[PDB]
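Raw protein24.csv, CSV, C-alpha atoms and all ligand atoms:
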```csv
chain,number,residue,atom,x,y,z
A,36,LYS,CA,81.7,116.1,79.6
A,37,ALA,CA,85.2,115.3,80.8
A,38,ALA,CA,87.4,112.2,81.0
A,39,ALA,CA,88.7,111.1,84.4
A,40,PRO,CA,92.4,111.4,85.3
A,41,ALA,CA,94.6,108.4,86.2
A,42,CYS,CA,95.4,107.4,89.8
A,43,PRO,CA,98.2,108.4,92.2
A,44,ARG,CA,100.5,105.4,93.0
A,45,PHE,CA,102.2,105.1,96.3
A,46,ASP,CA,105.6,103.5,96.7
A,47,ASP,CA,104.3,101.5,99.7
A,48,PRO,CA,101.8,98.9,98.6
A,49,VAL,CA,100.2,98.9,102.1
A,50,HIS,CA,100.4,102.7,102.5
A,51,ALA,CA,96.7,102.4,103.6
A,52,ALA,CA,97.3,99.9,106.4
A,53,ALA,CA,95.9,100.6,109.8
A,54,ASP,CA,98.3,97.9,111.2
A,55,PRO,CA,101.6,98.3,109.5
A,56,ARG,CA,103.0,95.2,111.1
A,57,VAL,CA,101.5,93.3,108.2
A,58,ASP,CA,104.2,91.3,106.3
A,59,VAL,CA,103.7,91.7,102.6
A,60,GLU,CA,106.2,89.0,101.8
A,61,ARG,CA,103.9,86.4,103.4
A,62,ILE,CA,101.0,87.1,101.1
A,63,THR,CA,100.2,84.1,98.9
A,64,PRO,CA,99.9,83.7,96.0
A,65,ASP,CA,101.9,86.6,94.6
A,66,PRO,CA,99.4,89.5,94.9
A,67,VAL,CA,98.1,91.5,92.0
A,68,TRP,CA,97.6,94.9,93.5
A,69,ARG,CA,94.7,97.2,92.6
A,70,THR,CA,96.0,100.2,90.6
A,71,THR,CA,92.6,102.0,90.2
A,72,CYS,CA,91.2,104.5,92.8
A,73,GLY,CA,87.5,104.2,92.6
A,74,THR,CA,85.3,104.0,95.6
A,75,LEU,CA,85.2,100.6,97.3
A,76,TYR,CA,82.7,99.3,99.8
A,77,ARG,CA,82.6,97.2,102.9
A,78,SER,CA,79.5,95.7,104.6
A,79,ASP,CA,80.2,95.6,108.3
A,80,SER,CA,78.0,95.2,111.4
A,81,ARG,CA,80.5,97.3,113.4
A,82,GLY,CA,79.3,100.8,113.9
A,83,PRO,CA,80.7,104.1,112.6
A,84,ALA,CA,81.7,105.4,116.0
A,85,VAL,CA,84.2,102.6,116.1
A,86,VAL,CA,85.3,102.5,112.5
A,87,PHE,CA,85.7,106.2,112.2
A,88,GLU,CA,87.9,106.2,115.2
A,89,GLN,CA,90.0,103.1,114.5
A,90,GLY,CA,89.7,102.5,110.8
A,91,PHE,CA,89.3,98.9,109.7
A,92,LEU,CA,91.8,96.8,111.7
A,93,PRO,CA,92.5,93.2,110.6
A,94,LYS,CA,91.8,90.3,112.9
A,95,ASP,CA,95.4,88.9,113.0
A,96,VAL,CA,98.4,90.3,111.2
A,97,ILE,CA,100.8,88.0,113.1
A,98,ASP,CA,99.4,84.5,112.9
A,99,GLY,CA,96.4,85.0,110.6
A,100,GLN,CA,95.8,83.3,107.3
A,101,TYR,CA,98.0,85.0,104.7
A,102,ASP,CA,96.8,82.7,101.9
A,103,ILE,CA,94.2,84.6,100.0
A,104,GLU,CA,92.4,81.6,98.5
A,105,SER,CA,92.2,80.0,101.9
A,106,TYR,CA,90.8,83.2,103.5
A,107,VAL,CA,88.2,83.7,100.8
A,108,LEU,CA,87.0,80.1,100.9
A,109,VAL,CA,87.1,79.4,104.7
A,110,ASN,CA,86.4,82.3,107.0
A,111,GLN,CA,89.5,82.4,109.2
A,112,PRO,CA,91.3,85.2,111.1
A,113,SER,CA,93.6,87.0,108.6
A,114,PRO,CA,95.8,90.0,108.1
A,115,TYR,CA,93.3,91.3,105.5
A,116,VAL,CA,90.3,93.6,105.6
A,117,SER,CA,87.9,92.6,102.8
A,118,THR,CA,86.3,95.2,100.6
A,119,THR,CA,84.5,95.1,97.3
A,120,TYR,CA,84.2,96.9,94.0
A,121,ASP,CA,80.4,96.3,94.1
A,122,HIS,CA,78.4,99.0,95.9
A,123,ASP,CA,75.5,96.6,96.2
A,124,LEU,CA,77.3,93.6,97.8
A,125,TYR,CA,75.8,94.7,101.1
A,126,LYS,CA,72.5,93.2,99.9
A,127,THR,CA,74.0,89.7,100.2
A,128,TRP,CA,75.3,90.2,103.8
A,129,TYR,CA,72.5,89.5,106.1
A,130,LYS,CA,72.5,91.4,109.4
A,131,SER,CA,75.4,93.6,108.2
A,132,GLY,CA,74.0,96.9,109.3
A,133,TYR,CA,76.2,99.2,107.4
A,134,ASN,CA,77.6,99.8,104.0
A,135,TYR,CA,81.0,101.7,104.3
A,136,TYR,CA,82.4,103.8,101.5
A,137,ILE,CA,86.2,103.6,101.1
A,138,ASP,CA,88.6,105.7,99.1
A,139,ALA,CA,92.0,104.0,99.7
A,140,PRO,CA,95.0,103.3,97.6
A,141,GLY,CA,96.1,99.8,96.8
A,142,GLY,CA,94.7,96.6,98.1
A,143,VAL,CA,95.1,93.1,96.6
A,144,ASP,CA,92.6,92.5,93.8
A,145,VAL,CA,91.4,89.0,94.7
A,146,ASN,CA,90.1,87.9,91.3
A,147,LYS,CA,93.2,89.1,89.6
A,148,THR,CA,95.3,87.2,92.1
A,149,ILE,CA,93.4,83.9,92.4
A,150,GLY,CA,91.3,84.0,89.2
A,151,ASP,CA,87.6,84.7,88.5
A,152,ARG,CA,86.4,81.1,88.6
A,153,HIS,CA,86.3,80.4,92.3
A,154,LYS,CA,83.1,80.1,94.3
A,155,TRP,CA,83.1,83.7,95.5
A,156,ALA,CA,84.3,85.5,92.4
A,157,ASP,CA,81.1,87.4,92.2
A,158,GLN,CA,82.1,89.3,95.4
A,159,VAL,CA,84.7,91.2,93.3
A,160,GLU,CA,86.8,91.5,96.4
A,161,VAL,CA,89.8,93.8,97.2
A,162,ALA,CA,91.7,92.6,100.3
A,163,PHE,CA,93.6,95.2,102.3
A,164,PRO,CA,96.7,93.7,104.1
A,165,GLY,CA,97.0,95.5,107.4
A,166,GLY,CA,93.5,97.0,106.9
A,167,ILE,CA,92.6,100.6,106.2
A,168,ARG,CA,93.3,103.7,108.2
A,169,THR,CA,90.3,106.0,109.0
A,170,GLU,CA,91.6,108.8,106.7
A,171,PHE,CA,90.6,106.5,103.8
A,172,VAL,CA,87.1,105.8,105.0
A,173,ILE,CA,84.7,108.2,103.3
A,174,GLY,CA,81.6,107.5,105.4
A,175,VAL,CA,78.8,105.0,105.8
A,176,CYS,CA,75.1,104.3,105.1
A,177,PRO,CA,73.0,102.1,107.5
A,178,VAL,CA,71.1,99.3,105.9
A,179,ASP,CA,67.5,98.5,106.4
A,180,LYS,CA,67.5,94.8,107.0
A,181,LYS,CA,64.0,93.9,105.8
A,182,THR,CA,64.4,95.5,102.3
A,183,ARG,CA,68.2,95.3,102.0
A,184,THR,CA,68.4,99.0,101.0
A,185,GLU,CA,70.4,101.9,102.3
A,186,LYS,CA,68.8,104.4,104.6
A,187,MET,CA,70.2,107.4,102.7
A,188,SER,CA,69.0,110.1,105.1
A,189,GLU,CA,71.0,108.4,107.8
A,190,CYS,CA,74.4,108.2,105.9
A,191,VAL,CA,77.2,109.8,107.8
A,192,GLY,CA,80.5,111.2,106.6
A,193,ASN,CA,83.7,110.3,108.4
A,194,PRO,CA,85.2,113.5,109.9
A,195,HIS,CA,88.6,112.0,109.5
A,196,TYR,CA,88.4,111.3,105.7
A,197,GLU,CA,91.3,113.0,103.9
A,198,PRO,CA,90.8,113.2,100.1
A,199,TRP,CA,94.0,112.4,98.2
A,200,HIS,CA,93.0,112.5,94.5
A,301,LIG,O1,84.9,90.7,107.9
A,301,LIG,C1,85.4,90.0,108.9
A,301,LIG,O2,86.0,90.5,109.8
A,301,LIG,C2,85.1,88.5,108.9
A,301,LIG,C3,83.7,88.2,108.6
A,301,LIG,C4,83.4,88.0,107.1
A,301,LIG,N1,83.1,89.3,106.3
A,301,LIG,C5,82.4,90.3,106.9
A,301,LIG,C6,82.1,91.4,106.3
A,301,LIG,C7,82.4,91.6,104.9
A,301,LIG,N2,82.1,92.7,104.2
A,301,LIG,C8,82.3,92.9,102.9
A,301,LIG,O3,82.0,93.9,102.3
A,301,LIG,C9,83.1,91.8,102.2
A,301,LIG,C10,83.3,92.0,100.8
A,301,LIG,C11,84.0,91.0,100.1
A,301,LIG,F1,84.3,91.2,98.8
A,301,LIG,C12,84.4,89.8,100.8
A,301,LIG,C13,84.1,89.6,102.1
A,301,LIG,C14,83.4,90.6,102.8
A,301,LIG,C15,83.1,90.5,104.2
A,301,LIG,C16,83.4,89.4,105.0
```
Starting from the coordinates I provided, produce the structure as structure tokens.
Amino acid sequence: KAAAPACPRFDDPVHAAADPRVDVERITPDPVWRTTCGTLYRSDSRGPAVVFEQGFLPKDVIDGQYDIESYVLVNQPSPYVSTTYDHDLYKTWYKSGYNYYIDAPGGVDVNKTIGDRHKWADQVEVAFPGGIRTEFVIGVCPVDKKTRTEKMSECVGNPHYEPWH
């Protein structure tokens, strides 16, 4: 056996951002940043040819909803890309055809920032302001809609993934 090491910590809290125009000072409430570095996940209907080329871009870093509680409760264009600590959350997202695997520094830990009592606390969300560059996307597994399971012989690694720890 061996114990795992601790995580590298970047000076820039949005080092991972695909759109660096995000304005960290506009995040509300005061963000509690994720300091661990385990694999995160994102269910997305968008296909890997697009995600591996572009990363995950946020819908609106200029005029989107910077309030985290508002964004979580009421789907609204935002500067954030949502991810989760829960490998299996894809099973709750109907028609989301893929489960993406993410190895990225930082992100706002939603439940640490807004509490763990809100309606969607069981999503155990990490919100990436400015999104996530492709170098931090490990790969993807497509999801069989009828059984809500991953089609593991059809997983694909991202050629642009750059391990960093
Ligand atoms: O995502 C958009 O662009 C807007 C539509 C809404 N989505 C799509 C997909 C998706 N995937 C996730 O894994 C996830 C994980 C979370 F913890 C919280 C939210 C999500 C969402 C929310």
Test item: residues lying within 7 Å of ligand LIG 301 (chain A) with all atoms listed in the file, as a short mmCIF file (atom, residue, chain, number, x, y, z; two decimals) with C-alpha atoms, in the frame of the given file:
```cif
data_model
loop_
_atom_site.label_atom_id
_atom_site.label_comp_id
_atom_site.auth_asym_id
_atom_site.auth_seq_id
_atom_site.Cartn_x
_atom_site.Cartn_y
_atom_site.Cartn_z
CA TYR A 76 82.70 99.30 99.80
CA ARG A 77 82.60 97.20 102.90
CA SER A 78 79.50 95.70 104.60
CA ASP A 79 80.20 95.60 108.30
CA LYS A 94 91.80 90.30 112.90
CA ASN A 110 86.40 82.30 107.00
CA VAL A 116 90.30 93.60 105.60
CA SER A 117 87.90 92.60 102.80
CA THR A 118 86.30 95.20 100.60
CA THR A 119 84.50 95.10 97.30
CA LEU A 124 77.30 93.60 97.80
CA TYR A 125 75.80 94.70 101.10
CA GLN A 158 82.10 89.30 95.40
CA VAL A 159 84.70 91.20 93.30
CA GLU A 160 86.80 91.50 96.40
CA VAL A 161 89.80 93.80 97.20
#
```
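Residues surrounding residue A:184 within 12 Å are residues 122, 123, 124, 125, 126, 127, 128, 129, 131, 132, 133, 134, 176, 177, 178, 179, 180, 181, 182, 186, 187, 188 and 189 of chain A [all atoms listed in the file; sequence separation below 2 positions excluded].
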(message) Residues near stretch 53-61 of chain A, anyone? I mean within 6 Å using only C-alpha atoms, not counting same-chain ones fewer than 2 positions away, as a PyMOL selection string.
(response) chain A and resi 92+96+165-168
(request) Can you work out the spacing between atom CA of residue A:172 and atom CA of residue A:98 in Å, to one decimal? (result) 25.8 Å
(request) Work out how far atom CA of residue A:138 is from atom CA of residue A:81, in Å to one decimal. (result) 18.5 Å
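As for atom CA of residue A:113 and atom CA of residue A:100, they are spaced 4.5 Å apart.
For the residues A:87, A:45, A:68, A:106, ranking by smallest atom-to-atom distance to residue A:195 using all atoms listed in the file places A:87 first.
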(request) Could you tell me which of A:148, A:193, A:71, A:63 comes closest to residue A:171 if we count all atoms listed in the file? (result) A:193
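Take the candidates A:43, A:82, A:150, A:140 and check each one against residue A:164 using all atoms listed in the file; the shortest distance goes to A:140.
Between residue A:109 and the residues A:154, A:147, A:69, A:130, the shortest atom-to-atom distance, using all atoms listed in the file, involves A:154.
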(message) Let me make sure I understand: among A:62, A:192, A:169, A:143, which one has the smallest atom-to-atom distance to residue A:88 if we use all atoms listed in the file?
(response) A:169
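In this comparison, which uses all atoms listed in the file, the residue of A:139, A:145, A:75, A:162 approaching residue A:44 most closely is A:139.
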Around all of stretch 144-157 of chain A's listed atoms, make the axis-aligned box with 3 Å on each side and tell me centre and edge lengths in Å to one decimal, as AutoDock Vina command-line options.
```
--center_x 88.2 --center_y 86.3 --center_z 92.0 --size_x 20.2 --size_y 18.4 --size_z 13.0
```
Which polymer residues have any atom within 6 Å of an atom of residue A:175, counting all atoms listed in the file, with same-chain residues fewer than 6 positions away left out, as a CSV table (one decimal) with C-alpha atoms, keeping the file's coordinate frame?
```csv
chain,number,residue,atom,x,y,z
A,134,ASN,CA,77.6,99.8,104.0
A,135,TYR,CA,81.0,101.7,104.3
A,136,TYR,CA,82.4,103.8,101.5
A,190,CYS,CA,74.4,108.2,105.9
A,191,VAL,CA,77.2,109.8,107.8
```
Write out N, CA, C and O atoms for stretch 68-83 of chain A, as a compact mmCIF listing (two decimals), in the frame of the given file.
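Full text of part_7.txt as output:
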```txt
# COMPACT_ATOMS: atom_id res chain seq x y z
N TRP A 68 98.17 93.78 92.77
CA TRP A 68 97.60 94.90 93.50
C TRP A 68 96.70 95.73 92.62
O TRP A 68 96.92 95.88 91.41
N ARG A 69 95.66 96.25 93.25
CA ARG A 69 94.70 97.20 92.60
C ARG A 69 95.46 98.48 92.29
O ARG A 69 96.17 99.03 93.14
N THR A 70 95.30 98.97 91.06
CA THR A 70 96.00 100.20 90.60
C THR A 70 94.95 101.30 90.32
O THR A 70 95.37 102.40 89.97
N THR A 71 93.66 101.01 90.37
CA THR A 71 92.60 102.00 90.20
C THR A 71 92.37 102.66 91.59
O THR A 71 92.87 102.23 92.64
N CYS A 72 91.46 103.64 91.61
CA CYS A 72 91.20 104.50 92.80
C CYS A 72 89.78 104.88 92.85
O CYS A 72 89.45 105.96 93.34
N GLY A 73 88.90 104.00 92.41
CA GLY A 73 87.50 104.20 92.60
C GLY A 73 87.06 103.88 94.00
O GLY A 73 87.77 103.23 94.77
N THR A 74 85.86 104.34 94.35
CA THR A 74 85.30 104.00 95.60
C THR A 74 85.09 102.52 95.76
O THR A 74 84.66 101.86 94.81
N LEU A 75 85.48 102.00 96.93
CA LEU A 75 85.20 100.60 97.30
C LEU A 75 84.26 100.62 98.48
O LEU A 75 83.96 101.66 99.07
N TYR A 76 83.79 99.42 98.81
CA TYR A 76 82.70 99.30 99.80
C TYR A 76 83.04 98.14 100.74
O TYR A 76 83.74 97.20 100.39
N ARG A 77 82.52 98.26 101.95
CA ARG A 77 82.60 97.20 102.90
C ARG A 77 81.32 97.14 103.73
O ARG A 77 81.00 98.13 104.40
N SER A 78 80.63 95.99 103.69
CA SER A 78 79.50 95.70 104.60
C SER A 78 80.12 95.29 105.93
O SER A 78 81.01 94.45 105.97
N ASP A 79 79.69 95.93 107.02
CA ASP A 79 80.20 95.60 108.30
C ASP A 79 79.11 95.85 109.36
O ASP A 79 78.43 96.88 109.29
N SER A 80 78.96 94.93 110.30
CA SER A 80 78.00 95.20 111.40
C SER A 80 78.57 96.14 112.43
O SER A 80 77.80 96.66 113.25
N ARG A 81 79.87 96.39 112.42
CA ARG A 81 80.50 97.30 113.40
C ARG A 81 80.11 98.72 113.06
O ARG A 81 80.07 99.09 111.89
N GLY A 82 79.87 99.52 114.08
CA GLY A 82 79.30 100.80 113.90
C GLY A 82 80.29 101.91 113.62
O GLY A 82 81.49 101.78 113.92
N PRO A 83 79.81 103.01 113.04
CA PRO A 83 80.70 104.10 112.60
C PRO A 83 81.46 104.77 113.72
O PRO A 83 82.56 105.27 113.50
```
